[PDB]
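J.: structure for the following, please:
(3 chains)
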Amino acid sequence: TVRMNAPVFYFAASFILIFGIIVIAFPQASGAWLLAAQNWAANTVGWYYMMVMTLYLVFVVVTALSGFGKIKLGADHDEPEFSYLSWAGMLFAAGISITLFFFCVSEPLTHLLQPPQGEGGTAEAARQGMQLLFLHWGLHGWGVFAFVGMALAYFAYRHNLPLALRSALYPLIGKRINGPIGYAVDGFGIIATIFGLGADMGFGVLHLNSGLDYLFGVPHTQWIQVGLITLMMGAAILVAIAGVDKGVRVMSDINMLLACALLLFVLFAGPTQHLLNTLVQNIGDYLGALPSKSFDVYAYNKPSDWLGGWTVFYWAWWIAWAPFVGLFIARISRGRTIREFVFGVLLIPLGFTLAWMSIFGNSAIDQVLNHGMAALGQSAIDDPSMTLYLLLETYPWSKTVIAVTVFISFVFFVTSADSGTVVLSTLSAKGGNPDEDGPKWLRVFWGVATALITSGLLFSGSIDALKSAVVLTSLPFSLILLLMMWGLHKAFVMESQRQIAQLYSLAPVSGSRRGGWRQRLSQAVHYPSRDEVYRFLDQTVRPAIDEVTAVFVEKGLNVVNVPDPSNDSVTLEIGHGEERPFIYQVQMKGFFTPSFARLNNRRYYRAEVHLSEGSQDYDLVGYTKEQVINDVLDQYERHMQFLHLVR
Amino acid sequence: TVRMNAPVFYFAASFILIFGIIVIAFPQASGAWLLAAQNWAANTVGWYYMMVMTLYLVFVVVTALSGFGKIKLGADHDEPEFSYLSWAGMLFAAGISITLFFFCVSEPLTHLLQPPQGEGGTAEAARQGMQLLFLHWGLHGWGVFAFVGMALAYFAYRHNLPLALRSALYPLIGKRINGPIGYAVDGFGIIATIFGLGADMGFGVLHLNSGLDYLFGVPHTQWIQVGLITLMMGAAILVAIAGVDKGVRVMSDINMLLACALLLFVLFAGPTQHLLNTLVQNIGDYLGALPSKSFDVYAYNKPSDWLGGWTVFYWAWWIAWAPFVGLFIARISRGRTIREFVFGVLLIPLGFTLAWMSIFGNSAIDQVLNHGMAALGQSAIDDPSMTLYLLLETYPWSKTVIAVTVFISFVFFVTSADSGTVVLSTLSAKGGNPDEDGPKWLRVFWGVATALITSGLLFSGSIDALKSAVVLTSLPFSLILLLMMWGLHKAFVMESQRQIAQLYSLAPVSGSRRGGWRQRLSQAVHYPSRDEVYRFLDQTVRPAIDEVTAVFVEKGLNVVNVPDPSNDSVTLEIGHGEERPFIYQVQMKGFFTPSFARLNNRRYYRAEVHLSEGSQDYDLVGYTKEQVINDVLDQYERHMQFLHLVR
Amino acid sequence: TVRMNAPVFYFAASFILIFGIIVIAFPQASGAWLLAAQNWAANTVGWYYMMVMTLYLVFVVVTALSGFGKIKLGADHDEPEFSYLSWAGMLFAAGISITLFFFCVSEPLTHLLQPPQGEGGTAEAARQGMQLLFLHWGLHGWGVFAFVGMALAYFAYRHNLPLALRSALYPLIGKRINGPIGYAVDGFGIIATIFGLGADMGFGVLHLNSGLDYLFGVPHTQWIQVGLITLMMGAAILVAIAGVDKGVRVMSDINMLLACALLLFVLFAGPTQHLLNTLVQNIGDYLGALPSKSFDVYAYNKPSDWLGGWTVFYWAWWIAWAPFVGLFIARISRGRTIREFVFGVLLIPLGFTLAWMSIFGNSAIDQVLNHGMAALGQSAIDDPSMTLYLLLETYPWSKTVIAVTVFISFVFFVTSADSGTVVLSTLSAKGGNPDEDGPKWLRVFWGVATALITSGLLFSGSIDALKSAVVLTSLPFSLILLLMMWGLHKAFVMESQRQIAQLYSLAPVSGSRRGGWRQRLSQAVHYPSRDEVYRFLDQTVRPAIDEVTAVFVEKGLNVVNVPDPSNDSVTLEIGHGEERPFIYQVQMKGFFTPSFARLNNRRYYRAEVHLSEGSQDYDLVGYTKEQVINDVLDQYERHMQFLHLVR
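T.: Numbers count the residues shown, from 1 in each chain, chains lettered A, B, ... in the order given. Okay, here it is:
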C-alpha cells in the first residue's frame, strides 16, 4: 500500500518552502544576490561541468558497443509491451517543452551578432554560431537520459530492487540503502527536479504573454503573468488527478502530428533549396568539430562572462532534467536489450530536434544577412520573446499561423508537466506494488509547490534569475551521478564472470553411468577430510596410473615417468615427438566449507584434475578404479583428435 | 544453355538507340540542352549525392568490423582458386583506365589557380587542392565496388541464386524477382554502365589525339577522331570474341609491371626528397580532413557552379562504374571471408592510386610555384589534354619516354573495355550454368552500341557534354542501391539467429541410454494432444517430484514447497542460504503443427523445462518415471559445481 | 650459471671504446662533423621516423581492443605478485629522469617566441606551442614501451624461451636464433641503450651546475663538470653492486611522494583558477589535433632546420630508451592479461606526465605574456638551463624551495641509472635461471663505459652534440623493431586457430558405451589402409543406410535416394517441405601418417561424416552396425530440435 515516506518528504518540502518564501519577501536583495552567484560559478566551476558531462556519454557509448550490450533488461522470456513508434513518441514527448519555442530563433541571431570570438555580421560568424546550436541540443543532452534510464532499469528488472535512485548504491553499501544514506540521495534528486521544472514554466509564461500581446492588446503587466501561471498549472493538475490515458499515451501521438505539419509548412513555404543545402552542411560541421569542442572554455582570450550564460547553463539544465526523464523511460522499456535501448534513445529524438533547430535557425539567418532586416536582429538582443512572431509574419496567412503556433506550444507544456508530477509523487512514496504509482494527494502538492518557485524568480530579474538559479542547485547531484557509475561498473564486472562459471560447469566428466539415484544423492552432499582423500589417492588413483601406463609402454609409446616428490600429485605424461605432449595431473587442494553446511567441519579437500591449457577442472572423489582408467582413456582419445586438426 | 533475355534486351537497346540517333541528328540543340541540365542538377540534387555516398562506406566498414566479418562466401570446405597477388592484380586492372592519365596533372593545376574558396597561386591553395585530389580518388570510390561485390557474392554462393542484380531483392519480394519487377532492376543497370563506359572512350580519344599531335603533325580534325574510335574499339571486340586468357589474366600482370617502371622513373629522375616529404604530408592531411569534408557543399559562400563539374560528377562516375566492377570481382572471390574481401579491396589498389596521384601532382605543383612556368599552368585551364606532354618534356630522353607513355596508356583501355563487354553480355542472358558466360554475338553488339554513344557526345561540346550526360542517367540506380542494402540487412539478421539455434540444440538432456532404435524412431514423429500430456504430468512427473524431494527434506535441506494454483506446472525449489536457489519448473505449452505433418491435427503440446537464467529448454514426453528422477539429479549436481566456481 | 656471452660483449664494447677514444682525442673536428650529420639526417630521413612511429601505436591499440586482449601472460593458474599502485609506481619511476626538469620550462618559452609557422608573442603562438609539448610527451612515447614489453613477456612466459631481444625472431628463423643472426640483434640493442643513457647524464650535469651556481658562487668550468659526473655515477654503481631493495622497490615509493608535494605547491601558490582552466583546454586541443599532427613535416613552407632539433630528436630518444624500459617492465608483469597491461601502461604515467608539463608550462607562459618579463623569455633562448630557477624565485620561500628542487632532481637520476646497469648486464649474459640476473662485475663495467661517452660529447658543443649523436645510432634498431612486429603477428595467427581446434574436438559422437578399456586402447593407435576401409563401407555402412531408411519411407517421410556414382560416398537425404533438409553423407579421404608412427606406412585413410553447415567431422572406423544406426538417429533428433527453434 503506497504511503508517504516522511524522511524524504519533510527533507525536501522544508528546503523548498522557506527559499520560496524569502525570495517572495525580499525581491530587490535576492535579484542582486543571484547575479553575483552566477558570475562566481561561471568562473570557478566551469571546468568541472565540462569534465563531468563527457564521462556519461563515453560511458554509455562504450557500454553499448561491447559485449554487455546483449544483456536483456528483464528475464529471458520477457517481451516488449509497446510497438516501436508508440515507444519513440512517448520518449520524445517527455523531454521537450516550450523552451524549444523560446530558443529556436533568438539564440542563433545572438551568436551571429555577438560571437564569443571574432567579428560579427559575417558569413564566418553565421557558420560558427550554428555549431553552438548543435552542441547545445545534441548528443551530450540525450546521453545522460540514457545513462540514468539504463542504470535504473537494470537494478529493478534483474535484481528485484525498488525503482528508485538509491538502488544503484547497492553494490557499494549493501542494504544500508534503507537508512540515512539513501534518504539523502533520494532527497537531493527532488530539489534539482523542482528547480528545473519551475524554470521551464517561466520560459513559457513570457512566450505566451508575447504571443497574446501580438494578436490582441494585452500588456506585459504583473497580474497578467500571475493569472497566466494559474491557467498553465490548473490544466496540468486536473489531468494528473483525473486519469492517465487520453493523456500520457494519446497526447504523445496527438502532438507529434501537430509538430510535423508546422515544420513542413515552414520548409515548403520558404527557400527550400537553401535549407536543404545548409541542413547537410551543419551535420558535417558538427561531426567534424565534436571531439575538440567538448573541452573549449576560451582560456587564452580576454576574461568575460559568456560561458556562464550559455554553455554552463545548458549542462546544468540537462542534469536537472535527467532524474525525471530517466525514471519515466525506465518504466516502458521492459524486455529490451541494452544496445537497442541506447541506440533507440540516441536515434529518433535527436534527429527530429536537430532538424527543427537547423531549419528554424537558418530560415532567420538567411533574412538577417541576405535581405537586410535589422529590426529582426535587434529584438533578438533586446526583447528575446518576440523574435519568433516577427519572423512568422513574413509568410502567407500569418495571422492564421500565429494563432495555431500559440495553441500548439501550449500542449507541449501540459504533455511534460503532468508526467512531472507523477514521477515526483512516485519518488516520495514507499512500499506497494512496483509497477504502481504513489497517492494522488501528492500530485496536487508538488504542482502547487512549483508555481511558488516560478513566480518568485519571475519578479526578480526574469530571465537571468531563472538562468542563475539552476546552476547552483544542480551541483550536489553531479557527484551522486558518479557514485552511480561506480556502482554500475562493479555490478557489470560481478556478472561478466557469471557467464564463464556457467560454461565451464557443463558435463566435466562422465560417471552417471555408474547408476543409482539414491547412492549418487548421498554422495552429493559429503565433504571429505584431509587424509580421507589420502586413503583415496593411494588405493584407487595410484594403483591405476601405474597400471594403465603398463599397456602404454609395451605398445610402442614413450611414457615419461618421474620420481614423485610431492606425496600427493600423481602425474602422467607422454611425448608425441615435437608437438604438444599429453599432461594428466591429479592434485589435492583444500577449501573453506560453505555456510549452509555447518557438526563443525570448517574445512574439506578435493582432488582436482588438470590438463593442458584451455580445459576444465573436476574431482574424482567417489569414483571406482575401473571408472578412473576409463576416464584417462577418453581424455587421451580427445587429445588425438586435437592433434589431427592443428596439422 | 545461355540465350537472350528479351524483356531486358529490348528494354535497354530501345532506350539506347533513339537517344544515340537524335543526338547524332541535332548537335546544336542537344549541346545547349545538356548545359542547362548540368546546371540544374548541380544545384537541385547536390545534397542527395553527398548523403547517399557515405552510407555505402559506413555500411561496408561496420559490417567488416563486426561478427559478420567471419562468414565465408561459399561452403565451409571451399578454398580460394587464386593467389593473393594474382587476385589483387586482376582487381586493380579492372577499374583503372585512361581517365587517370587525363586527370593526373591538369586537375591539381586547376585547383591551384582557381580555388573554390580563397586566393590562388599561394602555398595554401597548393595544400588545399591536394586534398580534393585525394577525396576524389580515395575511399569513397572503392567503398561502393566492395559493397556491390559483397552483396552479389553472398546471395549467389550461400543461397544458390543466379549471379545477377535482382537477386538482392529476394528477402523483400520473394520469387517475384522473375517477373516485371526484376526486369526493371536489371534493365536500369545496363544504361548506367553503357553511359559510364562511353564517357571513358571520349576521355581517351582526346588524350591519344594530343599525344600524336605532339610527335607528328596530326591535326585535331573530326575524321581523325572518327577513325581513332574505330581502332580503339576493334581491338577490344576482337579480343572478346577470340579468347579469354592471354588477356583477362595475363594482361593484368603485363600492365602492372609497365606502370611501376614509369612511376619509379618519374620518382627518381626528379626531386626525390621533396616528393618523399609531400607524400607523407598528404596522407595526414587527408586522414585529418575526412570526416568533415564528406558533407561540404559550400553553402555559406556566394552561389556558383563549381560543385557540378567536380564533386558531383565523380560520385555519378563511380556509381555508374559500380555494377560492372562489382560483378567482375564477385566471380573470382569464392571461398573467402567478408573481412579479408573488404580489407583486400581497400588495401592495394587504393595505395597504388594514391601514390600515383600524389607523385604526379606534386611534381607539377613544384614547377609552377618554384620555377616559374606560366605556360604550363595556362594550358591546364585552356587545353587540358596537352599538360602531361608539356610536363614530360623537361626530362632526360623525353621523345623516347612520350612514345612509351602513349603506348602504355593504350593497353589500360583494352584491359577494361573487354571485361566490360563480357559482363554486359552475361547480364543480358538467361539460364545456363552459373559459372558460364552468355553468347558471343552480344559482345559484338554491346561494343558497337558504345561507339555510337561516344561519338554523339564528342561532337556536342566534347568535355562538358561527357561530364553532363553521366550525372543524369545514374540517378535512378542510386535508389536500387538502397533497396539492395535493406535486403542485405534483412538477410543478415535472418542468420544471426541461426547460430543461436544451432548451439542451444546440442545434447539438451540424456535418454538415449533407454535403448531401442525402433521405439525411439516411432516416438520421434508423434505430436501429442492437450490432455494426453495431462495423463503424463500426473502419472510420471507429479509422483516423482513429490518423491525425490522426500529424500531431500529428511537429509538436511530446506525444500520450499508451494500450493499449486496452476494445475499444470510442477515446481521444485531449494534455498542455499543467501546465494542463488535451485529452480526446476515444468510447464505445458502448445504450438502449431508444422506443414509436413497434416489426419488434420493442427495443434499439439509440449512439456518444457525451465531453470535459472542461461539454460536450455526441452521436453520430457516419452520419459520413464525412473528416467525423470535421474534427470533432476544431474541438473542439481550441475548446479553445485556452478556455485563452487562463483565463490 | 650466469657468465659472459663473448660474441655480444666483444661486439658492443669494441664499437663503444674507439668511438669514445677518438671523440676524446679530436674535439674540434668531431664537433664540426656532428652538426653536418644532424642537418643531413633531419632532411633525408625525416619522413621515415614519422612513418614508423605511428605503426607501433596503432598495432598495440588494435591488439588490445580485439579478442587477443584476453590472453594471459603466463599459465592459467598464475596470479600477479604485486599490487596495482606498487606496480604503477615502479613503472613510472623507470622512464623519467632529469630531462623532465631540463625541458619543462624552456621548451614552451622557445615555441612561443620562435614558432615553426606564424608570428610569435601572441595568444595563438601560446596555444600552438602547448600542443607540441603534449605531442612530444604523450601517447607516441608510451606506445613503444608497451609494444616491446608485451612482445618480450609473451614469448618468455607462454613458450619458455629466454628473456632476450632475439626471441621474437623465433617464428621466422626457427632455432637459428642461437647463431650469428641473434648475436647481431642483441648487439645493436646495447649501442642504442648506451647512447640514450649517456645523453641523459649530460642533460643532468648542466642542470645541477646551474642549480649550484645559483645558490653558491660555483663557476661553469670544466673540472667542475668532470668532478660532477664522478659523483653522479659513483652513487649509481654503489647501489647496483650492494643490494636491490631499499632501492628498486622502495625508491619508487619514496620519490613518487616527493614529486606530488612539489606539484601541489606550485599549483596552490600560483594562479590556481587560470591553471585549472588551461589544463582542461589543453586536453581537448591535443585530442582534436592528434590524427593530423602525426604526419606533419612542414612540406609546403620555406626549408629550415626546425624538424631535426625538436620532433625527430624525440622519436630517436624514445626508440633508444625502449629496449631498457620494456625489458624492465616485462619482469614484473607475470599473470596479467594483454588488455590490462596495455591500458595500465597507458593510464597513470601518461596522466602524471601531462599534468606536470601543463602546469609548469602555463605557469611561465602566463608570466611572459601577462606580466611583462622579458629577461625570463630571453634566457630560454640563450641559456636554457637557468630558466627554472628564474621562474621559481618569484614564490614564497624561494631559497628554501630551490634547495629542495636540487635534491629532488638528484634521486630521479639514480632511480633510473641503476636499473639501467642491471638490465644492461642481464642482456650481455648467457644461461642460468631465467628470473635471475647476470654477474655483478658487468655493472661496474657498463657504468664506467657511459661516463666516457658522456664526457666526450659535453666537450664538443654540449647540447647540440648530445642531440645529434642520438639520431644516428638509433637508426638500425627501427628495422629490428619491425621484424619483431612481423614475428608477433605470425605467432598470433598461429594460435587464433588453436582455440577453434579445441572446441571442435569436444565429444564428436558417442561410442564409449561399447565398453572395454583394453580393446578401445588397441584401436586408438591403428592407421587403416585404403581398401581396408572399403571392407568397412560395404559391410557395415551400406547395409545400414539402406536399412534404416526402409523404416523411414514406410512411415510417412520423403526420402530422396540417388544412384551412387562415387563408389565410396553413402549419402542419405530427407526433405521437410520448404525449409532445410537433412544431409548425412559419409566420405573416404586419405592423409599423411604422422612422424611418431613409422613398419613404413606413409599413408592411411579415414571415413569422415559431414552434415549441414556448422557441424563437426568425425570417423566411424571401429563402429558396429548396430552402433551406426544409433548414430544416424540421434543426429536426426538433434535436427528436429533445430527446426523447432528457427520457427
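J.: when you work out contacts or count neighbours from here on, use the C-alpha atoms and nothing else.
T.: Noted.
J.: I would like the residues contacting the helix or strand hosting residue A:403, please.
T.: Using DSSP states H and E, the element containing residue A:403 is helix A:398-416. Here helix A:398-416 makes contact (C-alpha atoms under 8 Å, 6 or more residues apart in numbering or on different chains) with A:93-98, A:101, A:208, A:211, A:215, A:232, A:235-236, A:247-248, A:251-252, A:255, A:258-259, A:389, A:392-393.
J.: what about residue A:590, which SS state?
T.: When classified by DSSP: H, G, I helix; E, B strand; the rest coil, residue A:590 comes out as strand.
J.: residue A:604 versus that one, what's the distance?
T.: 6 Å (C-alpha to C-alpha, to the nearest Å).
J.: so between those two, which is more surrounded?
T.: More crowded of residue A:590 and residue A:604, by other C-alpha atoms under 10 Å in any protein chain shown: residue A:604, with 18 against 13.
J.: so the more buried one touches residue A:591, yeah?
T.: Yes - between residue A:604 and residue A:591 there is a contact at 5.8 Å, judged by C-alpha atoms under 8 Å.
J.: got the CA positions of stretch A:89-99 in CSV?
T.: Coordinates of each C-alpha in stretch A:89-99 appear next as CSV, following Å, rounded to 0.1, in the frame of the first residue of the first chain:
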residue,chain,number,x,y,z
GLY,A,89,6.8,9.0,-29.5
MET,A,90,6.3,8.8,-25.7
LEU,A,91,10.1,9.1,-25.4
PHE,A,92,10.2,12.3,-27.5
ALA,A,93,7.2,14.0,-25.9
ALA,A,94,8.6,13.9,-22.4
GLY,A,95,11.9,15.9,-22.7
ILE,A,96,10.6,18.6,-25.0
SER,A,97,8.7,21.7,-23.8
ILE,A,98,8.2,25.4,-24.7
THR,A,99,11.9,26.2,-24.3
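J.: just the residues contacting it, thanks.
T.: Counting by C-alpha under 8 Å, 6+ apart, residues outside stretch A:89-99 touching it are A:200, A:203-204, A:248-249, A:252-253, A:255-256, A:321, A:325, A:329, A:345, A:348-349, A:409-410, A:412-413, A:415-416, A:419.
J.: how far does the strand or helix carrying residue A:266 sit from the chain's center?
T.: Using DSSP H and E, residue A:266 maps to helix A:251-268. Computed by C-alpha atoms, centre = their mean, to the nearest Å, the chain-centroid distance of helix A:251-268 equals 28 Å.
J.: give the closest residue to the closest residue to chain B within the stretch 1-150 of chain A in space, chain neighbours not counted.
T.: Nearest residue of the stretch 1-150 of chain A to chain B (C-alpha to the nearest C-alpha) works out as residue A:123 at 6.3 Å. Leaving aside its sequence neighbours, residue A:123 sits nearest to residue B:300 (C-alpha to C-alpha, 6 or more residues apart in numbering or on different chains; 6.3 Å).
J.: give me phi/psi at that neighbour?
T.: Dihedral pair for residue B:300: phi -110, psi 10, per degrees, to the nearest 10.
J.: contacting residues for the residue nearest the centre of chain A?
T.: Centroid-nearest residue in chain A: residue A:147, 1.3 Å away (criterion: C-alpha atoms, centre = their mean). Residues near residue A:147 by C-alpha under 8 Å, 6+ apart: A:56, A:57, A:60, A:326.
J.: neighbour-wise, give me the winner out of the residues you listed.
T.: residue A:326 (22 neighbours).
J.: right, and the helix or strand after the helix or strand hosting it?
T.: Element membership of residue A:326 [criterion: DSSP H and E] is helix A:311-329. Per DSSP H and E, helix A:311-329 leads on to helix A:338-345 as the next helix or strand towards the C-terminus.
J.: re the thing from before, who touches the helix holding residue A:266?
T.: A:86, A:89, A:90, A:93, A:275, A:356, A:359, A:408, A:411, A:412, A:415.
J.: buried among these? Need that as a selection in PyMOL.
T.: Buried residues within these, by 16 or more other C-alpha atoms under 10 Å in any protein chain shown, are selected in PyMOL with:
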select buried, chain A and resi 89+90+93+275+356+359+408+411+412+415
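J.: ok, the contacts of helix A:251-268 vs residue A:445, which is closest?
T.: residue A:415 (18.6 Å; C-alpha to C-alpha).
J.: excluding its backbone neighbours, what's nearest residue A:235?
T.: residue A:414 (7.2 Å).
J.: ok, that neighbour to residue A:239 distance?
T.: 9 Å.
J.: remind me which helix or strand residue A:531 belongs to.
T.: helix A:530-536.
J.: ok, now residue A:79?
T.: Per DSSP H and E, there is no helix or strand for residue A:79.
J.: give me the contacts around stretch A:466-482.
T.: Contacts for stretch A:466-482 (C-alpha under 8 Å, 6+ apart): A:34-35, A:37-38, A:41, A:52, A:185, A:188-189, A:191-192, A:195-196, A:199, A:202, A:309, A:312-313, A:316-317, A:319-320, A:457-458.
J.: just checking, which of those residues belong to helices?
T.: A:34-35, A:37-38, A:41, A:52, A:185, A:188-189, A:191-192, A:195-196, A:199, A:202, A:312-313, A:316-317, A:319-320, A:457 (DSSP state H).
J.: now the residues you listed: which count as buried?
T.: Looks like those have A:34-35, A:38, A:185, A:188-189, A:191-192, A:195-196, A:199, A:202, A:312-313, A:316-317, A:319-320, A:457 buried, using 16+ other C-alpha under 10 Å.
J.: who in chain A is up against chain C?
T.: Applying C-alpha under 8 Å from any C-alpha of the partner chain, we find that chain A lies next to chain C at A:44, A:47, A:51, A:291-301, A:576-577, A:613-614, A:629-630, A:633-634, A:637-638, A:641-642, A:645-646.
J.: show me what contacts residue A:54?
T.: A:140, A:294.
J.: my read: the residue of the stretch 1-150 of chain A closest to chain B touches residue B:298, true?
T.: No - the criterion here is C-alpha under 8 Å, and residue A:123 misses it with residue B:298 at 11.3 Å.
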